[PDB]
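Trainee: Residue numbers (the entry's author numbering), protein chains in the order written: chain A, 83 to 91, 96 to 194; chain C, 83 to 91, 96 to 194; chain B, 83 to 91, 96 to 194; chain D, 83 to 91, 96 to 194.
Protein chains: 4
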Amino acid sequence: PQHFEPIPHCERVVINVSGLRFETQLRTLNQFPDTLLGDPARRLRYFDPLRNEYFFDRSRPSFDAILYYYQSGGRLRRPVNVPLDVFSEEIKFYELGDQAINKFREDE
Amino acid sequence: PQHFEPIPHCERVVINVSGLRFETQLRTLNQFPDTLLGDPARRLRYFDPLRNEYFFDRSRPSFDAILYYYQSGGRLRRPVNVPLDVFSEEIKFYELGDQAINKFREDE
Amino acid sequence: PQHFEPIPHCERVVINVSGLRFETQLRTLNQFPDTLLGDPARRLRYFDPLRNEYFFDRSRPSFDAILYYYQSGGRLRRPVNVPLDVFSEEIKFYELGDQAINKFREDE
Amino acid sequence: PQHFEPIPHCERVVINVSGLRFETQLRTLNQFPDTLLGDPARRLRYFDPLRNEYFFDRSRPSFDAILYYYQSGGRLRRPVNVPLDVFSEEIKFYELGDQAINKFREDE
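Structure representation (structure tokens):
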């Protein structure tokens with residue numbers, strides 16, 4: 083029931103979820119290897135080479151919880167502003183991990 | 083009960103809903119012909135020629151659901167932060183389609 | 083139970103509520119004379135002469151409803167993300183009008 | 083049951103909570119000495135010297151209440167969009183004060 087959250091001081099990345107910009111350090115994304123955002127191989131497709139940011143044309147009220155999963159170091163909880171289906175599709179897209187997906191489902 | 087969401091790679099448009107900026111690809115808006123945002127004829131009035139963006143002086147907490155309708159490929163659901171009257175007026179303004187309007191009403 | 087919302091085409099003003107920027111036309115603000123935002127006399131104090139915007143160091147989740155009152159042409163309603171006390175203090179500060187204040191109180 | 087909120091006119099600071107920018111006057115932060123944001127000693131670590139802003143890689147839906155605590159002059163209350171578990175860790179990080187933390191818990 084306890085998780086670790088990254089402390090500041096290195097490299098900061100900007101994630102643009104359909105106009106909503108999110109800024110986090112790379113160490114936040116590197117906490118969880120695998121996943122769409124964890125490794126550069128599965129996030130090079132969504133990286134815009136000109137704006138120096140990651141663009142996702144998806145629901146913006148969900149990346150608040152998706153980002154907090156990396157920040158909180160494992161706390162995945164759906165905010166009560168979006169349906170369960172929408173968040174399930176979002177977490178399936180971001181590939182948070184089979185164990186994490188099952189844990190979230192059992193928490194719902 | 084299933085819908086299709088656009089995949090990334096072309097042209098991206100900025101929609102400014104009373105200060106809240108939304109960025110989506112043109113393919114997201116072109117999923118639904120007709121509608122205010124689907125075709126250029128009904129959205130040239132709201133396009134600002136100088137800022138290169140679409141300005142709508144309306145309720146900003148509703149275009150989250152309006153935009154997701156294009157992103158989710160047909161999923162129109164009202165977020166629980168605005169009343170049914172406000173969202174009904176918004177969807178009537180954006181002209182989401184008589185079938186879509188009736189489907190949303192029967193879902194409420 | 084019916085209200086009128088301004089149509090687009096003149097001058098647009100930016101209202102910065104503690105970092106959250108809101109853009110509306112003057113016709114939206116001029117719908118209600120009196121009030122803090124309706125007349126230039128009661129909003130010159132909060133106007134930043136350098137950034138060409140109005141700054142209010144107040145709760146940002148309330149100006150969504152405060153702004154919609156001008157947009158919707160008289161529809162004042164508290165969103166369910168802030169308490170009644172906070173919204174009452176906000177509407178008292180913005181001076182929405184004694185009749186409007188009483189109408190909102192009787193609607194709560 | 084009454085609190086004082088700062089009036090405008096001096097120095098304004100920008101707080102970037104994981105991409106979400108908050109702007110407040112320094113007098114808002116100086117209302118409460120001690121705390122992470124009250125004194126420069128405990129906020130120099132989180133100040134970005136290049137962007138001239140304070141960066142916190144934490145949950146952005148929680149700093150609305152943390153900022154309002156300084157604005158409202160002592161009104162600390164968790165918005166109903168984030169869990170009590172998440173907010174308790176947030177207020178502990180910002181070190182709102184031993185009396186204030188216990189007051190919030192007794193209010194929950």
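Heads up, the beta-carbon is just placed ideally off N, CA and C, and yes, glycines get one too.
Per DSSP, D:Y140 forms a beta bridge with which residues?
Mentor: The sequence position of residue 140 of chain D within the fourth sequence is 54, counting from 1. According to DSSP, D:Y140 bridges with D:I101, D:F133.
Trainee: Following the continuous alpha helix (DSSP H) through A:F179, name the residue where it begins and the one where it ends.
Mentor: Here residue 179 of chain A is taken as the residue at index 93 of the first sequence, counted from 1. Start and end: 170 to 180.
Trainee: By Cβ distance below 8 Å, which residues in the same chain neighbour D:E87 in space, the five residues on each side in sequence not counted?
Mentor: Residue 87 of chain D sits at position 5 when you count from the first residue of the fourth sequence. Closer than 8 Å at the Cβ level, and outside the excluded window around D:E87, lie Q157, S158, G159.
Trainee: Measure how close the beta-carbons of A:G183 and A:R146 come, nearest whole angstrom, since I'm counting them as under 8 Å.
Mentor: The sequence position of residue 183 of chain A within the first sequence is 97, counting from 1. The sequence position of residue 146 of chain A within the first sequence is 60, counting from 1. Contact doesn't hold; Cβ gap of about 23 Å is too wide.
Trainee: Examine chain D for any beta-carbon lying closer than 8 Å to the beta-carbon of A:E109, and answer yes or no.
Mentor: To locate residue 109 of chain A, count along the first sequence from 1; it is residue 23. Cβ-Cβ to chain D under 8 Å: yes for A:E109.
Trainee: Under 8 Å between C-beta atoms, does C:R146 make it to chain A?
Mentor: The count along the second sequence starts at 1 and reaches residue 146 of chain C at position 60. Judged by the 8 Å Cβ criterion, C:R146 is not in contact with chain A.
Trainee: Of all Cβ atoms in chain B, is any one closer than 8 Å to the Cβ of D:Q157?
Mentor: Here residue 157 of chain D is taken as the residue at index 71 of the fourth sequence, counted from 1. Chain B, which has a Cβ nearer than 8 Å to the Cβ of D:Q157, makes this yes.
Trainee: Round the Cβ separation of D:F141 and D:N102 to the nearest angstrom and send it over; I've been treating them as touching at under 8 Å.
Mentor: Along the fourth sequence, one-based indexing puts residue 141 of chain D at 55. Along the fourth sequence, one-based indexing puts residue 102 of chain D at 16. With a Cβ gap of about 5 Å, D:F141 and D:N102 count as contacting.
Trainee: Distance check for C:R131 and D:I187, CA to CA, integer angstroms please.
Mentor: As a first step, residue 187 of chain D must be located in the fourth sequence, where it is residue number 101. As a first step, residue 131 of chain C must be located in the second sequence, where it is residue number 45. Going by the C-alpha atoms only, they are around 52 Å apart.
Trainee: Going along the chain, which residues of the segment 163 to 183 of chain A sit with their C-beta nearer than 8 Å to a C-beta in chain D?
Mentor: Per Cβ criterion, the list reads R163, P165, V166, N167.
Trainee: Closer than 9 Å by beta-carbon distance: list the chain D residues that pair up with B:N102, in chain order.
Mentor: On the third sequence, position 16 is the one that residue 102 of chain B refers to. Residues of chain D passing the Cβ test: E109.
Trainee: So with CB distances below 9 Å, who are the chain B contacts of C:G105?
Mentor: By one-based count along the second sequence, residue 105 of chain C stands at place 19. Under the 9 Å cutoff, chain B gives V100, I101, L106, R107, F108, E109, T110, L153.
Trainee: Compute the Euclidean distance between the alpha carbons of A:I152 and B:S174, then round it to the nearest angstrom.
Mentor: Here residue 152 of chain A refers to the residue found at position 66 of the first sequence. Here residue 174 of chain B refers to the residue found at position 88 of the third sequence. When rounded, the distance between both Cα atoms is 34 Å.
Trainee: By the DSSP assignment, the beta strand (DSSP E) with B:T121 in it spans what residues?
Mentor: If you number the third sequence from 1, residue 121 of chain B lands on position 35. Neither: B:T121 is in no beta strand (DSSP E) and is coded neither H nor E.
Trainee: Against B:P119, what residues of chain C qualify as contacts under a CB-to-CB distance less than 9 Å, listed in chain order?
Mentor: Counting from 1 along the third sequence, the entry for residue 119 of chain B is found at position 33. Per Cβ cutoff of 9 Å: no residues; B:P119 is ~19 Å from chain C at best.
Trainee: Does A:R144 pass the burial test, meaning 16 or more other C-beta atoms within 10 Å, or should it be called exposed?
Mentor: Taking the first sequence and counting its residues from 1, the one referred to as residue 144 of chain A is at position 58. Buried.
Trainee: Please compile the residues from chain B whose C-beta is within a distance smaller than 9 Å of the C-beta of C:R131.
Mentor: In the second sequence, residue 131 of chain C corresponds to position 45, counting from 1. The answer, in chain order, is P90, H91.
Trainee: Can you tell me whether residue 196 of chain D is buried or exposed, with buried defined as 16 or more other CB within 10 angstroms of its CB?
Mentor: For residue 196 of chain D there is no data in the structure shown, the boundaries of chain D being 83 and 194.
Trainee: Name the two residues that bound the continuous beta strand (DSSP E) containing C:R164.
Mentor: To locate residue 164 of chain C, count along the second sequence from 1; it is residue 78. Neither: C:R164 is in no beta strand (DSSP E) and is coded neither H nor E.
Trainee: Pick helix, strand or coil for D:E192, following the three-state DSSP scheme.
Mentor: The sequence position of residue 192 of chain D within the fourth sequence is 106, counting from 1. Note: D:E192 maps to helix in three-state DSSP.
Trainee: Rounded to whole angstroms, how far is the Cβ of B:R164 from the Cβ of B:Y155, which I believe are closer than 8 Å?
Mentor: As a first step, residue 164 of chain B is located in the third sequence; it is residue number 78 there, counting from the start. As a first step, residue 155 of chain B is located in the third sequence; it is residue number 69 there, counting from the start. Actually they do not touch by this definition, with Cβ atoms about 11 Å apart.
Trainee: Give the single residue among C:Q185, C:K189, C:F149 whose Cα lies nearest to the Cα of C:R107.
Mentor: Counted from its first residue, the second sequence places residue 107 of chain C at position 21. Among C:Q185, C:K189, C:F149, the Cα nearest to that of C:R107 is on C:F149.
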